[PDB]
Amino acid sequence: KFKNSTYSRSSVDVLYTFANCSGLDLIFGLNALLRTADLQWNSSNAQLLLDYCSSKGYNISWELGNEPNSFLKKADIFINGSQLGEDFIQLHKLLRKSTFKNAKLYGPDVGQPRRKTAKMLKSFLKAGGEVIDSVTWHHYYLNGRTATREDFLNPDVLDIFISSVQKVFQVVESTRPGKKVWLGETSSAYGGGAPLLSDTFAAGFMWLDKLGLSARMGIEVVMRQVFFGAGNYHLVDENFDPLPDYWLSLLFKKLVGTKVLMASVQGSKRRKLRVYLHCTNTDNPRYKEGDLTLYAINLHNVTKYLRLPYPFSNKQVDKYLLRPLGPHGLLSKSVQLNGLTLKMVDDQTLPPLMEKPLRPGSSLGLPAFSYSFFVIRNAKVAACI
């Protein structure tokens, strides 16, 4: 099913330029399957890459291996966590001797944890946990072939994530407490995503929920599969046009700050109504320290209204309500922000995202199967300053 391929100095250049010119920090997954007689990682191909990168002035972070728990199934080779840790140590040494000795190193990009994936992670962290700057693991909700539209709307499904996060932290905290944890690769469904779902407005429920829970539960960075590519779960389609999840992602960026607060609904049942709370993003010129951003997901089949704790109940709020552009409903690939459809202006020009200013005190309308952000202006929350 899978054999080796090559790439060029040119490919590397392209990839780097893409990142640098687009304001992004590149993380590069090295090949961990190049092995010696005694099955230690043979680091000599990586040596060439590092040397070339040095010679070009490239600032780059590195990973080694991908879903090493599956190596036996993917390539008839088992590498134990202890050995993989040793290999990460070898990589550490090489990075130290290179022109950028403060290059970051992340790993081991294991899959979501069943019994032995967790055991492999543990032994990895024991052996090599000291040289990695963050712990990376991956997670998907479903199989892309068996996922139904109803699954993308089911809260019970979304909450299987909760148990996964915790299981990982359990392992980390038992071996390298206080170490950062990253979601290294994650999306809606595996096997390229579920066709005519992972690319629609319907995918936003899982995507927004995932960010919400990740933030709350202590995940510092979330890596979405993929920015663009073959898979159904791309953010940008093959025509290089943005999908619903892109516009959602862009909007999240403008509005949500780094500090993580919390919200919940009073009544026990909120499984279908999910809510999340951070400080507002400081950089937005419209807003100021102290302002709060609440975001919310409605999986009820009717409109819900949110009522804010006073003093915030009397504050001026901006609505950012996201609705599919019809007439394909939840499986539409176009989306509206407060009743204007979101489109690029041209290929070099993103639109502005216009808020709906609310008269102070106005109740918060959240239609069925929708999501929205609300920025509470002049909230002056001490924690957010």
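Rigid core here is just the name for the largest C-alpha set that superposes within 1.5 Å across the two forms. All residue numbers refer to positions in the sequence shown, first residue = 1.
Q | Outlying stretch relative to shown form, 48-56 versus 354-362 in 5 other deposited structures of this protein, C-alpha RMS (core) | A | Once the cores are fitted, 354-362 deviates more in 5 other deposited structures of this protein.
Q | Of 253-261 and 107-115, which departs more from this form in 5 other deposited structures of this protein by CA RMS after core fitting | A | With the rigid core superposed, the C-alphas that lie farther in 5 other deposited structures of this protein are those of 107-115.
Q: Averaging only over Cα atoms, indicate whether 272-280 or 294-302 has the higher B-factor in the PDB entry.
A: If you average the C-alpha B-factors of 272-280 and of 294-302, the larger mean comes out for 294-302.
Q | Residue stretch of maximal mean CA temperature factor, 89-97 vs 227-235 | A | Higher mean C-alpha B-factor in the PDB entry: 89-97.
**Q.** Member of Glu67, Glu63, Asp51, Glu355 with the greatest C-alpha B factor (per the PDB record)
**A.** Of the options given, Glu355 has the highest CA B-factor in the PDB entry.
Q) Of the options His139, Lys259, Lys119, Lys210, which has the highest CA B factor as deposited? A) If I rank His139, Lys259, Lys119, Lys210 by C-alpha B-factor, first place goes to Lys119.
Q) How does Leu26 rank on Cα B-factor within its chain, lowest, middle or highest third? A) As the PDB entry reports it, the C-alpha B-factor of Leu26 lands in the lowest third of its chain.
Q: Could you look up the Cα B-factor of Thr186 in the entry and say which third of the chain it sits in: lowest, middle or highest?
A: According to the entry, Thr186 has a C-alpha B-factor in the chain's lowest third.
Q) In terms of the chain's CA B-factor thirds, is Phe369 lowest, middle or highest? A) Top third by C-alpha B-factor.
**Q.** Relative C-alpha B-factor of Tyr287, binned into the chain's lowest, middle or highest third
**A.** Its C-alpha B-factor belongs to the middle third of this chain's values.
**Q.** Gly192 - which third its CA temperature factor falls in, relative to the rest of the chain
**A.** Tercile = lowest for this residue's CA B-factor.
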